[PDB]
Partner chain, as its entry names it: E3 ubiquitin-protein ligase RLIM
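Okay, so here's just one chain, in structure tokens, the form solved without the partner chain.
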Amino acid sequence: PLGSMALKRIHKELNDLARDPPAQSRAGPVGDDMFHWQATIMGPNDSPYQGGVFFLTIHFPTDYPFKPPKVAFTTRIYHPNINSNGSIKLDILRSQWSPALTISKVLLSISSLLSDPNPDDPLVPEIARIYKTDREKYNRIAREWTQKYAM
């Protein structure tokens, strides 16, 4: 049954993370089930999320790496590309997934997304509009949410 190669790939990625650990994220299994990981990321410096600590949940499909991992925030975040359920509007998690991408690179792209929001492709139109027309207000509310929920 399918899943054996995916498990091998998951192991490879864990090996990659152990050999070259990122400075601002951690990620891995939290039990017997290797297809479910927890991730922890810091909000990037030079962003309203700076110093915030955000949890994510990662579920690998049985046909990984052909299809992307499911990645969602479990910490509330104010951001035009992330909704109240923690779903993330990021190209590489949807139509632009490449099997050559790894979790470490996904975490990097999520960091880039936090530092440089994409209001052209919002999940939350109200937030994207505030981002476009009043950056200072966007920054204040993003930081308020970071203080409230990411600590």
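Residue numbers count along the first chain shown, from 1.
A.B. asks: Using the B-factors recorded in the PDB entry, average over the C-alpha atoms of 92 to 100 and of 121 to 129, then report which stretch comes out higher.
C.D. replies: The stretch with the larger mean CA B-factor is 121 to 129.
A.B. asks: If you average the CA temperature factors as listed in the entry, which stretch comes out higher, 53 to 61 or 110 to 118?
C.D. replies: Mean C-alpha B-factor is greater for 110 to 118.
A.B. asks: Divide the modelled residues of the chain into thirds by Cα B-factor and specify which third, lowest, middle or highest, holds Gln38.
C.D. replies: Answer is lowest: the recorded C-alpha B-factor places it there.
A.B. asks: Where does the C-alpha B-factor of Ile10 rank in its chain, lowest, middle or highest third?
C.D. replies: Its C-alpha B-factor, which the entry lists for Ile10, ranks in the lowest third among residues of this chain.
FYI, the form solved in complex with the partner chain isn't displayed, but the following is about it.
A.B. asks: Does the 4.5 Å heavy atom contact test between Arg140 and the partner chain in the entry with it bound come out positive?
C.D. replies: No, no contact at 4.5 Å.
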